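Chains as they are written, first to last, in the deposited numbering: chain B, 9 to 225; chain A, 8 to 225. First comes the structure, then the notes that go with it.
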Amino acid sequence: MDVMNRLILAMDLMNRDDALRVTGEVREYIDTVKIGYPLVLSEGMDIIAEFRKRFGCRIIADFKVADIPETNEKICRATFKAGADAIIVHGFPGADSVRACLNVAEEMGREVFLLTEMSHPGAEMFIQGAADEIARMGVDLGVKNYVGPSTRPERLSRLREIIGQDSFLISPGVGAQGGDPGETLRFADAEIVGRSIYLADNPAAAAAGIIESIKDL
Amino acid sequence: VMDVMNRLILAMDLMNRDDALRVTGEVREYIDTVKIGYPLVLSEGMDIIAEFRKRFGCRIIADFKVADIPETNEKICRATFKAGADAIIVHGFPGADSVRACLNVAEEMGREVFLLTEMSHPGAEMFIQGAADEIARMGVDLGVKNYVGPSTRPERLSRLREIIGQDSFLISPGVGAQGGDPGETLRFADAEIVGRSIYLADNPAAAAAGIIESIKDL
Ligand SMILES: O=c1cc(O)n([C@@H]2O[C@H](COP(=O)(O)O)[C@@H](O)[C@H]2O)c(=O)[nH]1
Ligand SMILES: O=c1cc(O)n([C@@H]2O[C@H](COP(=O)(O)O)[C@@H](O)[C@H]2O)c(=O)[nH]1
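Right, dumping it as structure tokens:
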């Protein structure tokens, strides 16, 4: 997966006008957009096709899929029908729930990203202690795409170790949550950035600044 | 606590508006509380909540299993309550800050959070089950009043009821298709959630009536 500038925009603005304007302003720097529930629940699933029409970008649906297998299958089907290229799935609910997502992705020509450890402080309570095992589960299931935390580079490095160099790894928590752009890319193929860009006084300059800081990466 | 008619909540996971509306209307004499999840919302839009409210008397629980960082959780809850959901279901496994973010929005907006502790499917045994008692205790500490726990594991449902106390409100999926028993489930839960056993039936009204008849004394 060729992600331009190793930078994925987390487009969590909640109105269509702002989301489209800001994405347009940074389009020269980014060809992959992560669209999540803040935008989708505010503006509808049709927003995914609109992003493809306007920007011709890759779309990762960050839906943190975390239901039973039967419901997961339905969520993935609805998501891929809307034109998402990939979907993010939690590992904590177990292997059957992940497999349900893998099945639909194969059927529709899409990718599953397995979220293993999260970036926020609460992740330490339950998720972190399960995360290595969740990653091994991903490997056992044939998962090739993973999400791990910029905010804990030692944990991000461990995730990379488990999954190997061939697997694809993206990482949120850069900027607003404290993760460093350059350090994150020691381990992740691409980093996810939301507020540091979309809440910036000048989103284009913010994106440009981030890329300048990782220029030699 | 919410007064759920017949202690029975419809899990409306059909994925087109016409069928979802037909079936929900057919069971309206038996059920006044409907759980709407992502299968229907991602297929038809958040305006499906509006349509259900307009057409039927029903309370709406948005089963979105909110499982993000605090900042994103807040946004999800805001959008969901703006659309008219009475309540939203949130995962506990991402930890206390993520749950608190949802509680804060619910408090501000005059709505309710349901905390999902243990899940009903086989995969729940891998990671969730071992954390579930602590997730429930965390909910109690945070002041959560509404909970979700699994009908498929009566022993676990019973323990969750103990942890949250008799005053908390507990709803429970996994009845019917997943193997949970209607009566046994209501020994511990205030209300049972039923999806496929009703919405895939040739006569959803008869299916609902049959489930209720089997728990009439309760
Ligand atoms: O562990 C995780 C997994 C996520 O997908 N994300 C998400 O990635 C984004 C981070 O955005 P931001 O750069 O504004 O902190 C959000 O959309 C958020 O929901 C996260 O921050 N940490
Ligand atoms: O532990 C859980 C939590 C849930 O919300 N649910 C959900 O409750 C419903 C179960 O429906 P059904 O009766 O068709 O098995 C679904 O909407 C599903 O996503 C579950 O089955 N087990």
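Virtual Cβ for every residue (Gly too), placed ideally from N, Cα, C.
Worksheet item: By the criterion of Cβ-Cβ separation under 7 Å, what are the contact partners of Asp20(A) in chain B?
Response: As a first step, residue 20(A) must be located in the second sequence, where it is residue number 13. For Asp20(A), the C-beta contacts it makes with chain B under 7 Å involve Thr79 and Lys82, in order along the chain.
Discussion item. Would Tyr45(B) pass as an interface residue toward chain A - the criterion being a Cβ-Cβ separation below 7 Å?
Written reply: Counting from one through the first sequence, the residue named residue 45(B) turns up at place 37. It does: the Cβ of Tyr45(B) has a partner Cβ on chain A nearer than 7 Å.
Worksheet item: ligand 2 heavy atoms versus the CB of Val120(A): any closer than 6 Å?
Response: As a first step, residue 120(A) is located in the second sequence; it is residue number 113 there, counting from the start. Checking every heavy atom of ligand 2 against the Cβ of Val120(A), none is found closer than 6 Å.
Worksheet item: Going by beta carbon distance, what residues of the same chain come within less than 6 Å of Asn13(A), once the five residues before and after it are set aside?
Response: The residue you call residue 13(A) lines up with position 6 of the second sequence. Cβ neighbours of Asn13(A) within its own chain (closer than 6 Å, five residues either side excluded): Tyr37 and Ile219.
Worksheet item: So, does the CB of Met53(B) fall closer than 7 Å to a CB anywhere in chain A?
Response: Along the first sequence, read from residue 1 onward, the residue named residue 53(B) stands at position 45. Cβ-Cβ to chain A under 7 Å: yes for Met53(B).
Worksheet item: Taking the continuous beta strand (DSSP E) assigned at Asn153(A), which residues delimit it?
Response: Taking the second sequence and counting its residues from 1, one reaches residue 153(A) at position 146. Looking at the DSSP string, the run of the beta strand (DSSP E) that includes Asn153(A) is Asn153 to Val155.
Worksheet item: Comparing the CB of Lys89(A) with every heavy atom of ligand 4, is any distance shorter than 6 Å?
Response: Ligand 4 is not among the ligands present in this structure, which contains only ligand 1 and ligand 2.
Item to complete: Give me the Cα-Cα distance between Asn80(A) and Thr87(A), rounded to the nearest whole angstrom.
Response: Your numbering for residue 80(A) matches position 73 in the second sequence. Your numbering for residue 87(A) matches position 80 in the second sequence. Spanning the two alpha carbons is a distance of roughly 11 Å.
Worksheet item: Which bits of chain A does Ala74(B) rub up against, with CB to CB less than 7 Å?
Response: By one-based count along the first sequence, residue 74(B) stands at place 66. Contact annotation for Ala74(B) against chain A: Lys72, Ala74 and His98 [CB-CB distance below 7 Å, chain order].
Discussion item. For a contact defined as C-beta to C-beta under 7 Å, what are the partners of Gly64(A) on chain B?
Written reply: Locating residue 64(A) in the second sequence gives position 57, counting from the first residue. For a Cβ distance threshold of 7 Å, nothing in chain B lies close to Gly64(A): the least Cβ distance comes to about 24 Å.
Item to complete: With DSSP collapsed to three states, give me the class of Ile38(A).
Response: Reading the second sequence from its first residue, position 31 is the one you call residue 38(A). In the structure shown, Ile38(A) sits in coil (DSSP, three-state: anything other than H, G, I, E or B).
Worksheet item: Which residues, taken in chain order from the stretch 120 to 134 of chain B, show a beta carbon closer than 8 Å to some beta carbon of chain A?
Response: Against chain A - using a Cβ distance shorter than 8 Å - the residues of the stretch 120 to 134 of chain B are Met126, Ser127, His128, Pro129, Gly130, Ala131, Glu132, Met133 and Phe134.
Fill in: Beta-bridge partners of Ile68(A), as assigned by DSSP
Within the second sequence, the letter at position 61 stands for residue 68(A). In the DSSP secondary-structure assignment, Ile68(A) is bridged to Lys42(A) and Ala94(A).
Worksheet item: Would you say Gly146(A) faces chain B, with C-beta separation under 7 Å as the test?
Response: Position 139 of the second sequence, counting from 1, holds the residue named residue 146(A). No, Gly146(A) does not count as interfacial toward chain B.
Worksheet entry | Under 7 Å between C-beta atoms of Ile56(A) and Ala90(A) | Reading the second sequence from its first residue, position 49 is the one you call residue 56(A). Reading the second sequence from its first residue, position 83 is the one you call residue 90(A). Result yes, Cβ atoms of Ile56(A) and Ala90(A) sit closer than 7 Å.
Worksheet item: When the Cα atoms are used, what is the spatial distance from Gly64(A) to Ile170(A)?
Response: Translated into positions along the second sequence, residue 64(A) becomes position 57. Translated into positions along the second sequence, residue 170(A) becomes position 163. A direct Cα-to-Cα measurement between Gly64(A) and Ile170(A) gives close to 33 Å.
Worksheet item: Would the C-beta of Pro180(B) count as close to ligand 1, meaning under 6 Å from any of its heavy atoms?
Response: Here residue 180(B) is taken as the residue at index 172 of the first sequence, counted from 1. For ligand 1, at least one heavy atom lies less than 6 Å from the Cβ of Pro180(B).
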